[PDB]
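Down below is the structure, laid out as structure tokens.
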Amino acid sequence: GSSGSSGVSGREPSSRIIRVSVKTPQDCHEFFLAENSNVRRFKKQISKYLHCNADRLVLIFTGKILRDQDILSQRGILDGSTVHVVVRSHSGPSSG
């Protein structure tokens, strides 16, 4: 009928971490994650802090939306880059 899923992504800094400036609709924050971390991973990092859902998070670097199936560097996201964060919502705050 129903299902769940738990876990904590983050064991140790293996790949070269980079400083990605996360731009939020209010303030600005800086995140440090593996530069070779698929868009997804990077998102999760946000879902961790933002405390939102990575399923509603969207990666936007330079204005162009990326795909969880896309790496940062590969995309262009380098050290000291700015990425816009989003928290899509199509339902409401309550209920869920």
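Every chain in the structure tokens takes a letter, A first, then B, and so on in the order presented; its residues are numbered from 1, and the ligands are numbered from 1 following the presented order.
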
(request) May I have the residues within 9 Å of segment 85-93 of chain A as a list in words, using only C-alpha atoms and disregarding those fewer than 3 positions away in the same chain? (result) residues 22, 23, 24, 25, 43, 46, 50, 52, 53, 54, 55, 56, 57, 58, 59, 60 and 96 of chain A

Could those residues be written to a file, using N, CA and C atoms, as a PDB file, in the first residue's frame?
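File produced: out28.pdb:
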ATOM      1  N   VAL A  22      24.802  29.036  -3.698  1.00  0.00           N
ATOM      2  CA  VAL A  22      23.393  28.727  -3.877  1.00  0.00           C
ATOM      3  C   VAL A  22      22.567  29.999  -3.680  1.00  0.00           C
ATOM      4  N   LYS A  23      21.821  30.349  -4.717  1.00  0.00           N
ATOM      5  CA  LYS A  23      20.985  31.537  -4.670  1.00  0.00           C
ATOM      6  C   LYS A  23      19.543  31.128  -4.361  1.00  0.00           C
ATOM      7  N   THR A  24      19.055  31.611  -3.227  1.00  0.00           N
ATOM      8  CA  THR A  24      17.699  31.306  -2.806  1.00  0.00           C
ATOM      9  C   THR A  24      16.818  32.553  -2.896  1.00  0.00           C
ATOM     10  N   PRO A  25      15.482  32.309  -2.962  1.00  0.00           N
ATOM     11  CA  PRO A  25      14.526  33.400  -3.051  1.00  0.00           C
ATOM     12  C   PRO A  25      14.368  34.102  -1.700  1.00  0.00           C
ATOM     13  N   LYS A  43      21.413  18.463  -5.344  1.00  0.00           N
ATOM     14  CA  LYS A  43      20.070  18.814  -4.920  1.00  0.00           C
ATOM     15  C   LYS A  43      19.838  18.303  -3.496  1.00  0.00           C
ATOM     16  N   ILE A  46      20.754  20.255  -0.798  1.00  0.00           N
ATOM     17  CA  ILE A  46      19.848  21.359  -0.536  1.00  0.00           C
ATOM     18  C   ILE A  46      18.662  20.855   0.290  1.00  0.00           C
ATOM     19  N   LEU A  50      17.718  23.083   3.191  1.00  0.00           N
ATOM     20  CA  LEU A  50      16.433  23.693   2.894  1.00  0.00           C
ATOM     21  C   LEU A  50      15.325  22.910   3.600  1.00  0.00           C
ATOM     22  N   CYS A  52      13.629  20.641   2.316  1.00  0.00           N
ATOM     23  CA  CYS A  52      12.542  20.504   1.362  1.00  0.00           C
ATOM     24  C   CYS A  52      12.617  19.107   0.744  1.00  0.00           C
ATOM     25  N   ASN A  53      12.101  19.004  -0.471  1.00  0.00           N
ATOM     26  CA  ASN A  53      12.104  17.735  -1.181  1.00  0.00           C
ATOM     27  C   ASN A  53      12.932  17.873  -2.460  1.00  0.00           C
ATOM     28  N   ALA A  54      13.863  16.946  -2.628  1.00  0.00           N
ATOM     29  CA  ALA A  54      14.724  16.952  -3.798  1.00  0.00           C
ATOM     30  C   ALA A  54      13.890  16.640  -5.042  1.00  0.00           C
ATOM     31  N   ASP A  55      12.671  16.182  -4.797  1.00  0.00           N
ATOM     32  CA  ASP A  55      11.767  15.843  -5.883  1.00  0.00           C
ATOM     33  C   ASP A  55      11.119  17.122  -6.420  1.00  0.00           C
ATOM     34  N   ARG A  56      11.259  18.188  -5.646  1.00  0.00           N
ATOM     35  CA  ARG A  56      10.695  19.470  -6.030  1.00  0.00           C
ATOM     36  C   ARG A  56      11.809  20.491  -6.267  1.00  0.00           C
ATOM     37  N   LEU A  57      13.035  20.048  -6.026  1.00  0.00           N
ATOM     38  CA  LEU A  57      14.191  20.908  -6.208  1.00  0.00           C
ATOM     39  C   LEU A  57      14.625  20.870  -7.676  1.00  0.00           C
ATOM     40  N   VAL A  58      15.047  22.027  -8.165  1.00  0.00           N
ATOM     41  CA  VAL A  58      15.490  22.138  -9.545  1.00  0.00           C
ATOM     42  C   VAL A  58      16.850  22.837  -9.584  1.00  0.00           C
ATOM     43  N   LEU A  59      17.759  22.252 -10.352  1.00  0.00           N
ATOM     44  CA  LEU A  59      19.095  22.806 -10.484  1.00  0.00           C
ATOM     45  C   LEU A  59      19.132  23.756 -11.683  1.00  0.00           C
ATOM     46  N   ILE A  60      19.638  24.955 -11.432  1.00  0.00           N
ATOM     47  CA  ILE A  60      19.736  25.959 -12.477  1.00  0.00           C
ATOM     48  C   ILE A  60      21.090  26.665 -12.375  1.00  0.00           C
ATOM     49  N   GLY A  96       0.049  16.601   3.162  1.00  0.00           N
ATOM     50  CA  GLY A  96       1.227  15.959   2.606  1.00  0.00           C
ATOM     51  C   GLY A  96       2.244  15.634   3.702  1.00  0.00           C
TER      52      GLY A  96
END

Which residues are close to residue 31 of chain A, i.e. within 10 Å by only C-alpha atoms, leaving aside same-chain residues fewer than 2 positions away? Reply as a PDB file with N, CA, C and O atoms, in the first residue's frame.
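Dumped to result.pdb:
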ATOM      1  N   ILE A  17      35.932  18.852  -3.584  1.00  0.00           N
ATOM      2  CA  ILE A  17      34.783  19.679  -3.259  1.00  0.00           C
ATOM      3  C   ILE A  17      34.975  21.072  -3.862  1.00  0.00           C
ATOM      4  O   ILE A  17      36.105  21.527  -4.034  1.00  0.00           O
ATOM      5  N   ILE A  18      33.854  21.710  -4.167  1.00  0.00           N
ATOM      6  CA  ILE A  18      33.886  23.042  -4.747  1.00  0.00           C
ATOM      7  C   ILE A  18      32.864  23.928  -4.033  1.00  0.00           C
ATOM      8  O   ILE A  18      31.900  23.429  -3.456  1.00  0.00           O
ATOM      9  N   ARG A  19      33.111  25.229  -4.094  1.00  0.00           N
ATOM     10  CA  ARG A  19      32.225  26.189  -3.460  1.00  0.00           C
ATOM     11  C   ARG A  19      31.185  26.694  -4.463  1.00  0.00           C
ATOM     12  O   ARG A  19      31.491  27.531  -5.312  1.00  0.00           O
ATOM     13  N   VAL A  20      29.977  26.166  -4.332  1.00  0.00           N
ATOM     14  CA  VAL A  20      28.891  26.552  -5.216  1.00  0.00           C
ATOM     15  C   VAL A  20      27.946  27.499  -4.472  1.00  0.00           C
ATOM     16  O   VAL A  20      27.326  27.111  -3.483  1.00  0.00           O
ATOM     17  N   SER A  21      27.867  28.722  -4.977  1.00  0.00           N
ATOM     18  CA  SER A  21      27.010  29.726  -4.373  1.00  0.00           C
ATOM     19  C   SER A  21      25.547  29.440  -4.716  1.00  0.00           C
ATOM     20  O   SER A  21      25.135  29.587  -5.866  1.00  0.00           O
ATOM     21  N   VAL A  22      24.802  29.036  -3.698  1.00  0.00           N
ATOM     22  CA  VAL A  22      23.393  28.727  -3.877  1.00  0.00           C
ATOM     23  C   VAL A  22      22.567  29.999  -3.680  1.00  0.00           C
ATOM     24  O   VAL A  22      22.623  30.621  -2.620  1.00  0.00           O
ATOM     25  N   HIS A  29      23.375  31.517  -0.001  1.00  0.00           N
ATOM     26  CA  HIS A  29      24.110  30.539   0.782  1.00  0.00           C
ATOM     27  C   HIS A  29      25.167  29.866  -0.095  1.00  0.00           C
ATOM     28  O   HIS A  29      25.038  29.843  -1.319  1.00  0.00           O
ATOM     29  N   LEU A  33      30.150  20.753  -2.058  1.00  0.00           N
ATOM     30  CA  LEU A  33      29.960  19.343  -2.353  1.00  0.00           C
ATOM     31  C   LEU A  33      30.895  18.934  -3.493  1.00  0.00           C
ATOM     32  O   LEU A  33      31.451  19.789  -4.181  1.00  0.00           O
ATOM     33  N   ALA A  34      31.039  17.628  -3.658  1.00  0.00           N
ATOM     34  CA  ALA A  34      31.897  17.095  -4.702  1.00  0.00           C
ATOM     35  C   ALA A  34      31.515  17.727  -6.042  1.00  0.00           C
ATOM     36  O   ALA A  34      30.349  17.706  -6.432  1.00  0.00           O
ATOM     37  N   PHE A  42      23.783  17.052  -5.628  1.00  0.00           N
ATOM     38  CA  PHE A  42      23.822  18.455  -5.251  1.00  0.00           C
ATOM     39  C   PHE A  42      22.475  18.909  -4.687  1.00  0.00           C
ATOM     40  O   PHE A  42      22.426  19.635  -3.696  1.00  0.00           O
ATOM     41  N   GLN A  45      21.715  17.726  -1.198  1.00  0.00           N
ATOM     42  CA  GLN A  45      22.414  18.590  -0.262  1.00  0.00           C
ATOM     43  C   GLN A  45      21.510  19.748   0.166  1.00  0.00           C
ATOM     44  O   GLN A  45      21.516  20.148   1.329  1.00  0.00           O
ATOM     45  N   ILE A  46      20.754  20.255  -0.798  1.00  0.00           N
ATOM     46  CA  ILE A  46      19.848  21.359  -0.536  1.00  0.00           C
ATOM     47  C   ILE A  46      18.662  20.855   0.290  1.00  0.00           C
ATOM     48  O   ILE A  46      18.287  21.473   1.285  1.00  0.00           O
ATOM     49  N   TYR A  49      19.487  20.813   3.906  1.00  0.00           N
ATOM     50  CA  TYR A  49      19.420  22.098   4.583  1.00  0.00           C
ATOM     51  C   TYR A  49      18.035  22.727   4.427  1.00  0.00           C
ATOM     52  O   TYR A  49      17.303  22.875   5.403  1.00  0.00           O
ATOM     53  N   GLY A  80      33.501  28.135  -7.236  1.00  0.00           N
ATOM     54  CA  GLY A  80      33.112  29.526  -7.084  1.00  0.00           C
ATOM     55  C   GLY A  80      32.043  29.912  -8.108  1.00  0.00           C
ATOM     56  O   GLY A  80      32.099  30.994  -8.692  1.00  0.00           O
ATOM     57  N   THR A  82      27.761  30.098  -9.222  1.00  0.00           N
ATOM     58  CA  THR A  82      26.479  30.453  -8.638  1.00  0.00           C
ATOM     59  C   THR A  82      25.359  29.623  -9.269  1.00  0.00           C
ATOM     60  O   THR A  82      25.184  29.634 -10.487  1.00  0.00           O
ATOM     61  N   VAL A  83      24.628  28.925  -8.413  1.00  0.00           N
ATOM     62  CA  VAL A  83      23.529  28.093  -8.871  1.00  0.00           C
ATOM     63  C   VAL A  83      22.239  28.525  -8.172  1.00  0.00           C
ATOM     64  O   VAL A  83      22.221  28.714  -6.957  1.00  0.00           O
TER      65      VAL A  83
END

(request) Pick out each residue of chain A that DSSP on the backbone tags as alpha helix (DSSP H); I need them as a count of residues only. (result) 15

(request) Have a look at atom CA of residue 48 of chain A and atom CA of residue 9 of chain A and let me know their distance in Å, one decimal. (result)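 Computed distance, atom CA of residue 48 of chain A to atom CA of residue 9 of chain A, equals 9.4 Å.
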
(request) From a DSSP pass on the backbone, collect the residues of chain A flagged as strand (DSSP E or B) and hand them back as a list in words. (result)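 Put together, the selection reads residues 17, 18, 19, 20, 21, 22, 23, 28, 29, 30, 31, 32, 33, 34, 57, 60, 61, 64, 65, 81, 82, 83, 84 and 87 of chain A.
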
(message) Neighbouring residues of residue 70 of chain A were defined as those with any atom within 8 Å, considering only C-alpha atoms; residues of the same chain fewer than 5 positions away were excluded. Please report them as a VMD selection string.
(response) chain A and resid 38 to 40 75

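You will find atom CA of residue 94 of chain A at 21.6 Å from atom CA of residue 26 of chain A.
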
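Atom pair atom CA of residue 79 of chain A / atom CA of residue 35 of chain A: separated by 7.7 Å.
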
(message) Here is a test: counting only C-alpha atoms, which residue of A:10, A:47, A:15, A:41 is nearest to residue 67 of chain A?
(response)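 For residue 67 of chain A, the nearest of the candidates is A:41.
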